[PDB]
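Each remark here refers to the structure printed beneath this line.
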Amino acid sequence: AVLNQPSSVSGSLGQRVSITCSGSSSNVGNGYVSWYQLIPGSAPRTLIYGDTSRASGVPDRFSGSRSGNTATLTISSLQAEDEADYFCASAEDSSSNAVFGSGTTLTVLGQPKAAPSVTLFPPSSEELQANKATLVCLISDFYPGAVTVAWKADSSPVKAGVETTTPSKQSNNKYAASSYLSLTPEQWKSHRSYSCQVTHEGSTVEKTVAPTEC
Amino acid sequence: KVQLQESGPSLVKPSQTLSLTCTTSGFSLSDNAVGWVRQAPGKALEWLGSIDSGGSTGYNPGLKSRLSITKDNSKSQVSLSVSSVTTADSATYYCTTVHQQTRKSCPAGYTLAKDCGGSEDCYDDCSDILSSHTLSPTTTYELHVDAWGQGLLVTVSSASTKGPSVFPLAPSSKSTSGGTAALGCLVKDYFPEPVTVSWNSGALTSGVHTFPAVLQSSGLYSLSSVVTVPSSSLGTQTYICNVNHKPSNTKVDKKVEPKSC
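If you read the sequences in order, they're chains X and B. My numbering numbers the first residue of the first sequence as 277 and each following residue consecutively. My numbering numbers the first residue of the second sequence as 4 and each following residue consecutively.
Dropping the structure here:
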C-alpha cells in the first residue's frame, strides 16, 4: 500500500545522492516505477516514469534505476533548488491502482551561511483602533534554517501570546521565519519597550519597538 | 497547455459528502485518463482513483466503498465524491492526467489468444487450440501521473468559515536597510486555510515572501506577506497587497502607506 522510502537523505552541493524505493513483486517488482518532486508551496512535478525515462524539462542529473523490488532516484550535481520531498510510485495489480512511497525529504548541505536580518513591526494604527495589538517579527535571509526566537517586555521574558512559524525556504534558497506577540492595546502602551530576540549560529539579533516611538 | 482546475468546497462538516469537480483543457478528455490524488498534512500521497477514455473506473481498494468518480466528455469535467468524511479526509486534493496501460506478453512459441483470432492466455500451437500448450501471460501494469493540478485544500471541521482581517505593516526608519525597505500585510484571524498574497496585482514579484500560517489557540489562522522595495520609492510609488481567501470567497486589497518617521 505504501512503498518504503528513507525519511530523509542529505548531500552536499555538487555531490550525488541516491533515494531508494522498496516494494514487492506486485508493484515495484512489476517494473514501471515513477518519481515525483514536491517543492513546498508548489504542485507536484513528475520527474521519472517507466523506471528510467525522464520527463520533458527534467535535467539529466535526475536519473532513475530499478533492481528487482527496489528502485532508486539518483540526483547528481546537487543544487540548493533540489531541496524537496520525493515520492516514488507504481501500479499494483491494475493499471488504474497506484501506490506511493512514504516520501523522502532532501536536504542540500554546504550552502553559504548567512546571519538573519530581523524586522519588527509594532501594532498598526488600524489594528489599535480595532482594540487589538499584534507585534510581528519577520526573520529572513539566514542559513542554516534553524533559529530560536524569544520575546521581552522591557527586559523580562514573555512566554504567553507568542506564536512562531517553522523556518521555510525563500525564493533565493535562504530561509525565513516569523513570530507574533499578541497583546491588548493596554499591554502595548503599558511597558516601555518590546523586543524580538533571534539566535542563530552563535549570533543574536534583537529588534526593539516602543509605544512612545513612531 | 494541459491545465487542470479543481473546484469544490474548502470546508465540509464531518459525515457529509465531499464533492469535487475537475475542469480540463489542453487535451481531449475522451482520449486520456484522469485521476484523483490527495495528500493529508504531513502524510504521503494517496491514490483515490481514475476514469479512463472508455469511461471505466478504478479505485483505491481500501477506500472504494466511499468513492465515486464520474465524467462528462462534452463538458470537459470530471467529478469526485467522498462519502462520510471525517478529520482523516482533510487533505489537498489533486486532479491529474494519468498514463494507464496493461501489457500481456507471452514467451517464444506461445501466442496470445487475442492475436490468433481464454482470450487472454498464451498458446504454443494455434493450430491445435485443443491439444495446445497453454500458459498464463506475463502481465505488467504501467501507471504514472503525467500532469498535476494545483490542488484544492479541503478541511473537514465542524467550525465555521471566517474571512480575514488585513492590516498594513508600514515601513519606517526602523524598517529600512539603506537602499531597500521592507513592508507587508498581516492577514489575521481566518478559517480555514489557505490564503494567498500577491503584490501590485502580480506586477511585483521580486523580493516577495509569504510566510506559512500559524494556528492560534482561538482556532483561527494568521500569516504575513513581506516585500522589499527601494526606500526612495516610498514617497511616490504606491504598494498594495492582494489577499485571496477562496474558502470565504473574499478578496482584499490593502494599500500600505509609509509612516512619517
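The beta carbon of each residue, even a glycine, is placed where N, CA and C say it ideally should be.
Interface residues of chain A around residue i at Cβ under 8 Å?
i: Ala-47/B; result: In the displayed structure, chain A is absent; the protein chains listed are X and B.
Do you know offhand how far residue i's Cα is from residue j's?
i: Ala-47/B; j: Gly-38/B; result: 17 Å
i: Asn-303/X; j: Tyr-96/B; result: 23 Å
i: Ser-225/B; j: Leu-354/X; result: 35 Å
i: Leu-14/B; j: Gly-57/B; result: 33 Å
i: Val-169/B; j: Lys-428/X; result: 26 Å
i: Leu-223/B; j: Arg-342/X; result: 46 Å
i: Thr-114/B; j: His-136/B; result: 10 Å
i: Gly-120/B; j: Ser-84/B; result: 41 Å
i: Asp-417/X; j: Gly-307/X; result: 44 Å
i: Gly-210/B; j: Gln-446/X; result: 9 Å
i: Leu-186/B; j: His-248/B; result: 21 Å
i: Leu-396/X; j: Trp-151/B; result: 38 Å
i: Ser-339/X; j: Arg-41/B; result: 26 Å
i: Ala-216/B; j: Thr-143/B; result: 44 Å
If I'm right that residue i touches residue j with Cβ under 8 Å, what's the distance once you round it to whole angstroms?
i: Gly-112/B; j: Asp-124/B; result: With 8 Å as the limit, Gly-112/B and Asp-124/B do not qualify as a contact, their Cβ atoms being about 14 Å apart.
i: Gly-61/B; j: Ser-53/B; result: 6 Å
i: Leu-21/B; j: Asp-131/B; result: Not confirmed; about 55 Å, so no contact.
i: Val-229/B; j: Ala-184/B; result: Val-229/B to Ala-184/B, Cβ: 11 Å. No contact.
i: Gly-344/X; j: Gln-281/X; result: Not quite, the Cβ-Cβ distance comes to about 16 Å (not below 8 Å), so this is no contact.
i: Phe-214/B; j: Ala-452/X; result: 7 Å
For residue i, which residues in chain B fall below 8 Å Cβ to Cβ?
i: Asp-369/X; result: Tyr-144
i: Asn-306/X; result: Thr-143, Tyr-144
Name the chain B residues whose beta carbon is nearer than 9 Å to that of residue i?
i: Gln-313/X; result: Per Cβ cutoff of 9 Å: no residues; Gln-313/X is ~10 Å from chain B at best.
i: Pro-320/X; result: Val-40, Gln-42, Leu-48, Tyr-97, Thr-99, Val-148, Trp-151, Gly-154
i: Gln-463/X; result: By Cβ distance, chain B contributes nothing, its closest Cβ being about 17 Å from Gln-463/X, past 9 Å.
List the residues of chain X whose Cβ lies closer than 7 Å to the Cβ of residue i, in chain order.
i: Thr-105/B; result: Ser-371
i: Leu-189/B; result: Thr-410, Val-412
i: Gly-61/B; result: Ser-370, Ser-372, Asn-373
Here's the rule I'm using: 16 or more other beta-carbon atoms within 10 Å means buried, otherwise exposed. How should residue i be labelled?
i: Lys-258/B; result: exposed
i: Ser-471/X; result: buried
i: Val-412/X; result: buried
i: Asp-118/B; result: exposed
i: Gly-45/B; result: exposed
i: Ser-310/X; result: buried
i: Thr-100/B; result: buried
i: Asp-336/X; result: exposed
i: residue 572/X; result: Past the edges of chain X, shown from 277 to 490, lies residue 572/X, and the structure says nothing about it.
i: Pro-167/B; result: buried
i: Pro-398/X; result: buried
i: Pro-433/X; result: exposed
i: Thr-27/B; result: buried
i: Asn-63/B; result: buried
Would you say the beta carbon of residue i is closer than 6 Å to some non-hydrogen atom of the ligand FAD?
i: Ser-444/X; result: The ligand FAD is not part of this structure, which contains no ligands at all.
Taking C-beta pairs closer than 8 Å, name the residues in chain X that residue i reaches, listed in chain order.
i: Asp-256/B; result: What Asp-256/B touches in chain X: nothing, since even the nearest Cβ is about 14 Å away.
Quick test of the definition: if touching needs 3 or more C-beta pairs under 8 Å, does the stretch 155 to 170 of chain B touch the stretch 313 to 326 of chain X? Of all C-beta pairs linking the stretch 155 to 170 of chain B to the stretch 313 to 326 of chain X, fewer than three are shorter than 8 Å, placing the two stretches out of contact.
Between the stretch 196 to 203 of chain B and the stretch 441 to 457 of chain X, can you find at least three pairs of beta-carbon atoms closer than 8 Å? Three or more beta-carbon pairs separated by less than 8 Å are not found between the stretch 441 to 457 of chain X and the stretch 196 to 203 of chain B, which leaves the two stretches without contact.
Tell me, please, whether the stretch 380 to 389 of chain X touches the stretch 160 to 167 of chain B by the rule of three or more beta-carbon pairs shorter than 8 Å. No contact exists between the stretch 380 to 389 of chain X and the stretch 160 to 167 of chain B.
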